[PDB]
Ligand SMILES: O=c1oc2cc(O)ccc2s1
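Below you will find one chain, with nothing else, as structure tokens; this is the form solved without this ligand, and questions on how it binds or moves follow later.
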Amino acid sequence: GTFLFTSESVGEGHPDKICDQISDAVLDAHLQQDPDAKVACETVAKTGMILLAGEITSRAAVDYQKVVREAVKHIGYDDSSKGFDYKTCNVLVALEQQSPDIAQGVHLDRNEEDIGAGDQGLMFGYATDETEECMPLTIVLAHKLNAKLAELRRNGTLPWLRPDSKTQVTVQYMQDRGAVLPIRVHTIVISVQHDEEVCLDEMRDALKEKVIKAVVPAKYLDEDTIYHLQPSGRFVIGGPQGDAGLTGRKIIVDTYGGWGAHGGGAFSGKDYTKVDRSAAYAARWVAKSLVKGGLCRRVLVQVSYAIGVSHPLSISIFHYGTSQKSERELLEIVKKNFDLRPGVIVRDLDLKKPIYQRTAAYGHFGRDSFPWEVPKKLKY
């Protein structure tokens, strides 16, 4: 009854993640001045270039050059030796107003609570009791390995590190009546951009001793564990110079690491009226409320919308066999306890607050007691 499951994560300097962080720096800059900004900011990154493309209608006055360059500086791309420099890169802007046809169909002359969804689409929330934060262990560990690399880069412990990294964790699980229990780490991958001088053996030793052993409990590592550390052999070229990045190309890293399900929408660069983000956050909040409320050990929630319509078109629950209550009964508890209109989710989850850049690396879920991570006390 044991099985393997694999999740990945990427670091703050992975080029896709650069784009998510910049898109959310732009969103936060707008929301600091105009809580009702309509923002749909995509970012593209390639050698020497950040391009902003999309639609923003806002009363804010935002200095895009400053906002983009400060985000890149924070990530750590500050010199041509590293492949990218916030001081000297090109910042190109192709931003227009929100389509008036979308505005009139979504929010023009609507009561806030009765604002339409900003698009159609489907969204999922997931929670699992295998960790306190109700996240899969594979993705938590993958994120923490990237965070550890950034910590050792920033504290000068491993000064050959650059910001672009990827990690991947395969866990052997057992099943218990549809719940899952981690047993051991079967395989770890780490790839991280590095300077021209450090040798492979020095990097592999440091990644095992100072990264993996610092993050992963010894009880999960044994003589069988497989390590793929700098498996390409050389990763000097990195960041956007090694690989073009785009906003919304890490949607599985952003959510559950492959567990549960995904409706396809990207989070970063979008205000609350874009249900791709707000309804996925609300669905996480529902799922985590069901698990912390003791109604199931793990659960998947689907919701869906039509553009211009406030109430969800569908709400669905899958409990993997981990509840005494039927999925019908759980769906009735959800409908009695939650209002998933976007103009209500914004109030419950405080989604005009400019905290979005903080969500755009290391996953949107399972961290920092954001509002969607604080369970609602359920009445039934």
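Counting begins at 1, following the sequence as shown.
Taking the mean C-alpha B-factor of each stretch as recorded, 318-326 and 47-55 are not equal, and the higher mean is that of 318-326. Higher mean CA temperature factor between 327-335 and 26-34: 327-335, per the PDB entry.
Between the residues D243, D276, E113, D271, it is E113 that shows the highest Cα B-factor in the PDB record. Based on the entry's C-alpha B-factors, the most elevated value among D101, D85, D254, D109 belongs to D109. Ranked within its chain, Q172 lands in the middle third, by CA B factor from the PDB record.
Ranked against the other modelled residues of its chain, the C-alpha B-factor of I307 as given in the entry falls in the lowest third. When the CA B factors of the chain's modelled residues are split into thirds, the value for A266 lands in the lowest one.
When all modelled residues of the chain are sorted by CA temperature factor, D224 is found within the highest third. The PDB entry assigns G258 a C-alpha temperature factor belonging to the middle third of its chain's modelled residues.
What comes next is about the form deposited with this ligand bound, which does not appear here.
Shown alone here, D85 lies farther than 4.5 Å from this ligand in the bound PDB entry, counting heavy atoms only. Within 4.5 Å of any heavy atom of this ligand in the bound PDB entry lies no heavy atom of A206. By the criterion of a heavy atom within 4.5 Å, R277 is excluded from the residues contacting this ligand in the bound PDB entry.
Though the partner is left out of this view, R162 does not reach within 4.5 Å of this ligand in the bound PDB entry, counting heavy atoms only. Here is the short version: of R153, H186, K292, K144, the single residue with a heavy atom within 4.5 Å of this ligand in the bound PDB entry is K144.
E133 is the sole member of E133, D78, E113, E202 with a non-hydrogen atom within 4.5 Å of this ligand in the bound PDB entry. Heavy atoms within 4.5 Å of this ligand in the bound PDB entry are found in one stretch of 217-225, 86-94, 144-152, 68-76, which is 144-152.
Residues of 345-380 that come within 4.5 Å of this ligand in the bound PDB entry, judged by any heavy atom, are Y362, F365, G366, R367 in sequence order.
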